[PDB]
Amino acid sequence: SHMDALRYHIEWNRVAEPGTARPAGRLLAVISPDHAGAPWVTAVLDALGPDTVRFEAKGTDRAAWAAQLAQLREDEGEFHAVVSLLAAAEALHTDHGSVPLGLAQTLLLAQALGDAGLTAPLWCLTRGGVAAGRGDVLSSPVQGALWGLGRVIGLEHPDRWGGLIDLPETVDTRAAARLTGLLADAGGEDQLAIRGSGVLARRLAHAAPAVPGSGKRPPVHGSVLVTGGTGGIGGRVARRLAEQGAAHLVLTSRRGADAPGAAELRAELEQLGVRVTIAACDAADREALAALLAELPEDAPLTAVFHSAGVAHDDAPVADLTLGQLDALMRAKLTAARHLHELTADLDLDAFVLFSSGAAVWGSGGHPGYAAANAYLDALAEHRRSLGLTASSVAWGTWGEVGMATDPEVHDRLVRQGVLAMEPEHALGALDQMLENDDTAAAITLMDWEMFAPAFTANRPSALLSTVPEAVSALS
């Protein structure tokens, strides 16, 4: 099936044990000084040894840090690598309420490193930022957002990017030597998870072809909330849900009933026999979401959430992105999803579906903030499953016909890299296959791998695509 052919999933596969020798040159470890006390942080510092130079990254001050870094590099000469432990700062930034401090500080570290001319590869360390290997629990969706940013740093600054490595719960000497061995030589891998049983690396693979009924998707009924539901993809989603038996669709967006084409969408849906509520509700406004849930009919309880609210504009290259630009991109993603998760964790939903992006799955140059914000969605769906709650994340490629890519500016970039426009019917038919399987995570994308692989790997290899035979063929 053509719909099967759109579905991919991320997998984690065992890679080689690294060597036993620590790096020969000096490491620079970067610490968030208010968030330096987590057991994993202390275990990593202890692993890097006391000849490691330590840099405390205080506040969020690019220029100040560029000066401090330039001095360290003057005094020490080249470093072997930069090891960032800033991900431990999960608290939200005081001035940008949708940005985790660690995320803002990682962006400023990547910028300031470039500003000072430190060229040693940067490695971003997380703990519980990914779900790698069977039974693995993703404990920190916040740190998971950092992997969306790091993949984009690897595309924009390939020559000074090491990679990402997730630490285990307890960093024992076996975990420590795996870490220090990877910092000595990682075999070309750059998205790694250290676990009890071995070191795992991230891979993209074609998904299992569809099986009718396997995940036992309950029939669509009751009230379903589609945030961004007046939007391109969200309106098509609502039409499908209508066709599928929803009693009541609650569509939200900032503009609500004043959104473009909202009257037409309400009319098409109602012709189908559905109750329609359209509300103007910022998805990051907790009190407004609560008010909306409190209003639902007794006879039509919430049964599902489809989170399509989001913006992609006003992003920027890693070297330029501001914290205010990052905040505005994170708002509908991190803040809204966190509220949706908190207000439905007790409702026994049949589906909690979060719409992510290929920028968060593989990465796309020029879109670091969107990549981080979408990577948090993917992370939260895995975390929710760990709590015994339903969730899925669907990272879309490019939609044709409706939505954000229907601009010869935004359309023509993606398609030229081999990320082709999907027919909405095909994209939705694939999503239903994912829902019928009850899968946690998928990318649904039409790819031209002959165009995509070579373009994506022009400046550094990708181990992520080694598990796509089309990509392996294109690079042969």
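Quick note: we count residues from 1 along the sequence shown, nothing fancier.
- Between 114-122 and 373-381, the higher mean Cα B-factor belongs to 114-122.
- Of the two stretches examined, 339-347 and 84-92, the record assigns the greater average C-alpha temperature factor to 339-347.
- Highest C-alpha temperature factor among 251, 257, 108, 138 per the entry: 257.
- The top Cα temperature factor in the record, among 325, 364, 271, 180, falls on 271.
- Per-chain ranking of the deposited C-alpha B factor places residue 312 in the middle third.
- Residue 228: CA B factor lies in the middle third for its chain, per the PDB record.
- Residue-level temperature factors show residue 203 in the lowest third of its chain, judged at the C-alpha atom.
- Looking at the C-alpha B-factors along this chain, the one for residue 103 belongs to the lowest third.
- Ranked by C-alpha B-factor against the other modelled residues of its chain, residue 445 falls in the lowest third.
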